[PDB]
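Residue numbers start from 1 in every chain, and the chains themselves are labelled A, B, ... in the order their sequence lines are given, proteins ahead of strands. Side-chain atoms are counted along with the backbone in the values below, which use heavy atoms only and exclude waters and symmetry mates.
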Amino acid sequence: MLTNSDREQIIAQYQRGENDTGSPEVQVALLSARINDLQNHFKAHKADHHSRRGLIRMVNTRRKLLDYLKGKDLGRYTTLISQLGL
Amino acid sequence: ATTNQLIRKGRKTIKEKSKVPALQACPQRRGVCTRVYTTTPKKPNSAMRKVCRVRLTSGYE
Amino acid sequence: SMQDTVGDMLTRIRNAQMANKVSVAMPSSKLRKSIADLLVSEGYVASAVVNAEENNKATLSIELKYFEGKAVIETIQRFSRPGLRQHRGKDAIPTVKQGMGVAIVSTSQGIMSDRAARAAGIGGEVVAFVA
RNA sequence: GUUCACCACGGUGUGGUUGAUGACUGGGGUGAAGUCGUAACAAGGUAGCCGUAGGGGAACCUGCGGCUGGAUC
RNA sequence: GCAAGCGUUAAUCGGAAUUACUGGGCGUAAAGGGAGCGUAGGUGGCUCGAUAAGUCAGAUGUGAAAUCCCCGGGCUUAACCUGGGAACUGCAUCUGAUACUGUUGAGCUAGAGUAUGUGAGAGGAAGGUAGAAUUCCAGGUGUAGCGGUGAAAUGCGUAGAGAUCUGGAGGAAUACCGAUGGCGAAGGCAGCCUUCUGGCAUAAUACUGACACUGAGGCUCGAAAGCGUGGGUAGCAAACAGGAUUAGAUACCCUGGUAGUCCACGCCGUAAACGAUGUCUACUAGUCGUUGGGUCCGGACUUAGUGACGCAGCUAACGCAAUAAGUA
RNA sequence: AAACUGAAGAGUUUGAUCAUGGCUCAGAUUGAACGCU
RNA sequence: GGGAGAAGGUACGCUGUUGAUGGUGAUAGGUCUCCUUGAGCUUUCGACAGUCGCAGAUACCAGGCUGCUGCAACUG
């Protein structure tokens, strides 16, 4: 899984303001890191349906946050998906 | 049924068919008696009821 | 979640009066204060005050009335709900209990009784029936 | 007048849809004091029922899981 | 009872609130999708503005005449004819209003989320391992029964069973703990250990600032049985065989017994998949348990679950009753 | 001045009951037909 | 996968005009070399207009097709 150190690295890279950790950008970046990290676990345990439910949930939450950004600030959404490669 | 459900679906009545299809929505109908016989009634009653099988001008028998 | 604020206000009032509570409190709003003030001036509740809480919040508190141990508000029902809004003209506002009750009407001149809207010759959204 | 173009009729082929019929066959219903049993209702005499599978003249039986809409405890 | 008509048949609406918009229901009467995630859609917090589309009001134009209704007039009355009104719930275009819905700008934190610390748990996936017990095999002792039933018999046994002790092989399940206990969206999930991994509960601070709820189609998961391929195979056991019982006994009981149950990877997509109770939100007497936290002084309180009671309310009744079937 | 006036239930499941729920009936109408007149 | 070339239709010669296009590449412009233009030759698809005959895939060459059913999976 992600550690506290790399979680804080992601937060510091996608900071909107000082120690915010709650904007759509930082939330989506943390979700993207966690999903890309869990892809490794699911390549090993593909029969894991109960954990895959939580993975699907964080995908859904990331999608909701990206829709909210698209409605809120279009350029901000475009730039954020440009860094995150989505 | 919510209001949105009523708009999306709408309440439909089934129209029952007529109990006299051989008349074809006509008061009376002319036929020829193809067989005049008697028959017994249902469970409670007992008689020899007089009946005639008749082929009408509508094509029913 | 909660998608009917006016319905929640009336439901709180109805449950408090069925339970014989002295007063009923809720989060406030200008719409809620307008409806509560109409209730006060109609005589269904004793008073309705707003207390400004912290964090830019407010509490609306309504003191209920009881006559001969029975609740003054006999019935308070929502007519125009968020799923089906009811707007009527000046000659289609429904009366409550043959005019004994009040149909709260949201008109362009604000929340007012059905008879007040009829006198002003103006329609609007019929939000509730209180009798 | 001739010729070409457009085109109605009509023709050819190959499909689709649908009505009526059809040896035979499947189930449904009605009808008598018929034959075989007695599956269910009581703990209905092996608690019943649901899904499923196998079996059996027939109701049904049996396995596996589930339910209580199971009495006696 | 009607009467120059009276009945019957056909047909439409009514009664039928029996498709319920006005104006019904879904625990048990018919009726909650097995569960979830989510697309279109529907709906949606607080504050200050803008707009004026919905909405409301006014004006104008039109909404043919006839018909319906009201006030009259003419037939001897009436039917009928006829004048003027009303209505034609509508549409269109201007003008005004801005409470609500819509569209927008800014702000907010209470719904919803994020970061950080602790905690519980049969949550899931992959490996390893332990101890009982069964079965089988090989031996020692030992001798005439064992086993089974309501009785029996089939069966096993003098070729030595069963019992007893010692080794070996193997498979499956995890006694006690164990609990209207726990976790999981449901289906479900119990030995122990490691690895990989989901959600939840909790105290405070900081942060985002309505990012929400629900959700047709769709997709995912989904007991057991069953199916395909490949392994495994101890016990149990459909089918099947024999023995009983019986009038019969394709059963129930007995003795065996194969698929299956186990594993891997896939199909199936159904259950009385149940709380026969969709999800989410707010509010509404109380009492007693229990689980996981938390805060105070063995108790007190507060939270999120999980139970038993019990008002008001509801219900045809049974009953439900803050885990509603109450009020919305 | 007026056009603003309109709303009934019954029978039938049971030993009886309440509910549910279908069936049936009493009304109005017709470009009607048929029967008696 | 197929069945399937299922079945069954239409066009097809020559003459003129005309559109598009592949290859090769003389002559020029910037050393078994490269790039641009491209003469002559050549390829492949069309369109329009006419014209002759009974007949234009004109000779040779060159699938007949379909329905029901038994058997064996098929190539061998």
Write down the atom of [X], the atom of [Y], and the distance for their closest heavy-atom approach.
| X | Y | value |
| --- | --- | --- |
| C:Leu64 | C:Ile13 | CD2-CG2, 4.2 Å |
| C:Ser23 | C:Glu63 | CB-OE2, 3.7 Å |
| C:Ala131 | C:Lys97 | CB-CD, 3.6 Å |
| C:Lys90 | C:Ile122 | CB-N, 3.8 Å |
| C:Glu53 | C:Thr59 | CG-OG1, 3.1 Å |
| A:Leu2 | A:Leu30 | CD1-O, 4.4 Å |

Near [X] [atom1], under 6.0 Å, is it more than 12 heavy atoms from other residues, nucleotides or ligands?
| X | atom1 | answer |
| --- | --- | --- |
| B:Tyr37 | OH | yes |
| A:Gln39 | CD | yes |
| C:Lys33 | NZ | yes |

Flag for [Y]-[X]: side-chain donor and acceptor within less than 3.5 Å:
| X | Y | answer |
| --- | --- | --- |
| C:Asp8 | C:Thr11 | no |
| A:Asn60 | A:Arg63 | no |
| C:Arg32 | C:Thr5 | no |
| C:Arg81 | B:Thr3 | yes |

Close side-chain approach of [X] to [Y], heavy-atom, < 4.5 Å:
| X | Y | result |
| --- | --- | --- |
| A:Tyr14 | A:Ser23 | no |
| A:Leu31 | A:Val59 | no |
| B:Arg29 | B:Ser58 | yes |
| A:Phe42 | A:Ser51 | yes |
| A:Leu66 | A:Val28 | yes |
| C:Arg85 | C:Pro82 | yes |
| C:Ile62 | C:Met9 | yes |

Rounded to the nearest 0.5 Å, what's the gap from CZ on C:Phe129 to OG1 on C:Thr95? Could you check? 8.5 Å

CZ of B:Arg49 to NZ of B:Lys42: how many Å apart, nearest 0.5 Å?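 The distance works out to 12.0 Å.
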
Between B:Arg55 and B:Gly31, is there a donor-acceptor pair closer than 3.5 Å when you use the side chain of the first and the backbone of the second?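 The answer is no, because no donor-acceptor pair under 3.5 Å joins these two groups.
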
Tested for side chain to side chain contact (heavy atoms under 4.5 Å, CB included) against A:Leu69, the lone hit among A:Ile81, A:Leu74, A:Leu80 is A:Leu80

Run C:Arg88 and C:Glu125 through salt bridge (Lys or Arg N to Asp or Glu O under 4.0 Å) and show every step you take. CA-CA 6 Å; C:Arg88 300 281 187 274; C:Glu125 185 196 340; over 6 Å; no

Whether C:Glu42 and C:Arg115 form a salt bridge (side-chain N of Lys/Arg under 4.0 Å from carboxylate O of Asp/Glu) is what I want to check.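 Yes, C:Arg115 and C:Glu42 are salt-bridged.
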
Going hydrophobic residue to hydrophobic residue with side-chain gaps under 4.5 angstrom, can you get from C:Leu84 over to B:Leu6? no

